[PDB]
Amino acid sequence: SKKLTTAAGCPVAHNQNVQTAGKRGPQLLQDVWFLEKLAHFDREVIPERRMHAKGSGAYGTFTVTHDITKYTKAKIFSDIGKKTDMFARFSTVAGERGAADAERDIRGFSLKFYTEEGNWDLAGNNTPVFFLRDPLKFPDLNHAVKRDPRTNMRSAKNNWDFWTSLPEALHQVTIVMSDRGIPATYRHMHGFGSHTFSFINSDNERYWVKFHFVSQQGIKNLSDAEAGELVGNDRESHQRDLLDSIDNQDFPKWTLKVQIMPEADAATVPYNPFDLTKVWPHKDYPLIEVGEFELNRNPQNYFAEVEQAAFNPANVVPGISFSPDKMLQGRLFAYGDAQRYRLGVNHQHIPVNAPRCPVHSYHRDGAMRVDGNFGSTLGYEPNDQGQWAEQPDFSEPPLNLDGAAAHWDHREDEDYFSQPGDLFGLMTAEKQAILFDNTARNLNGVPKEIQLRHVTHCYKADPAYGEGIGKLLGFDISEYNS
């Protein structure tokens, strides 16, 4: 029971010395434990995630505290006090596997709720917005923010050339360059679904919805100087903090709140409600409390439960659906796809990914089939056994459409600057000074014409925002005020 065996269950007699042809002779092929042990060792590693490769996870419990059942029939939300198992992974974005935790970056805020009608995956971020309006730009973002093909290092030129070429990116650039760019720990940041999603209620009415997760620990951040110091001591600071806190029974909590928009308002609101680079004003759609979750159990094995974790935005549950946010649409393809490659087609048989409700999922065979493959069950539908029966009671209402099939130009909406301006305007002088200093030092070494492209965008958001950065870089106002 601490006794070593082979994978086939044979006792291992020799784990210290290989078999050789005499004391000083070469090694024998028939040391098969050596061959097995090293062959499994040689295959421990699987591909990292193409985005958010560096991260930390924990298990917890979501509890309903308020009634939103008029808007959604989702079983997770059905009764006050109702508890649901869940799993969260927090992460950086650009960093690879052993990259520093405490970098200036978006943080992933990824939740799996093990509901009675399926795993609901909400792969959120610590920001309500993102850089892009169209998912075609996503591989380009990755290539701009990660390592240069030649230098194998991040390139400020590549990063800023790309960002300055997409004025719609200004909102999230501002957020990442602000004081919230480096949370002090994963417990001291908020979470967001970011996208507009939808709620479907008992009567098949549709509402557009935003998910908000409010930290009960409050917001705490690190300056570039504090982060560099921390990173020099510990590339694993945020993992360390999450693990230690839960082991110390200091369980972090977040309050789920939602914004809910009747289907019809989408046609009338002054902002595109499906634009990922924009929020819905709280004045227009106030936050509505729903419940809270708390993270209260560390995984026993990081590789099995965290590295192998897969969150798919397409994994929704009755009462929760998508929206025509083009960014969300693209994500409906890319995650299942990336996860089948990264983890194997049968990766939902990995415990962390498995439903904790009845599952009868049809798909047969595939690599590493360990669940019995449904035994002798026939594989085709329609069939004379009524096997693999669809469930029409769960059918969503149609969605009205208007206009031709085409590549519609998102730049028809040129409101790239007002929401960033609003954000900047709300900052204290200290927060504005931090913003300015972070941006200016990030722009160091970046070719002047790219710098000026950014300063111009900041100016259009708010003249004080452009000027704050322009002054630090040594530009005359005339260079960026047109």
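In case it trips you up, residue 1 is the first one in the sequence shown, and so on.
Chemist: If you average the CA temperature factors as listed in the entry, which stretch comes out higher, 92-100 or 207-215?
Modeler: In the deposited entry, the stretch with the higher C-alpha B-factor mean is 207-215.
Chemist: On mean C-alpha B-factor from the PDB entry, just flag whether 425-433 or 38-46 is the higher one.
Modeler: Here the higher of the two C-alpha B-factor means belongs to 425-433.
Chemist: According to the Cα B-factor stored in this entry, which of the following is highest: 188, 369, 143, 180?
Modeler: The listed residue with the largest C-alpha B-factor is 180.
Chemist: Have a look at 227, 242, 132, 399 and flag the one whose Cα has the highest B-factor in the entry.
Modeler: Reading the PDB entry, the winner on C-alpha B-factor is 399.
Chemist: Tell me, lowest, middle or highest third: where does the Cα B factor of residue 55 rank within its chain?
Modeler: Lowest third of the chain for residue 55's C-alpha B-factor.
Chemist: Among the chain's modelled residues, which third holds the C-alpha B-factor of residue 64?
Modeler: Tercile = middle for this residue's CA B-factor.
Chemist: Among the modelled residues of its chain, does the C-alpha B-factor of residue 384 lie in the lowest, middle or highest third?
Modeler: CA B-factor rank for residue 384: middle third.
Chemist: Would you mind checking where the Cα B-factor of residue 272 ranks among the modelled residues of its chain, as the lowest, middle or highest third?
Modeler: It belongs to the highest third of the chain when residues are ordered by C-alpha B-factor.
Chemist: What third of its chain, lowest, middle or highest, does the C-alpha temperature factor of residue 192 fall into?
Modeler: Answer is middle: the recorded C-alpha B-factor places it there.
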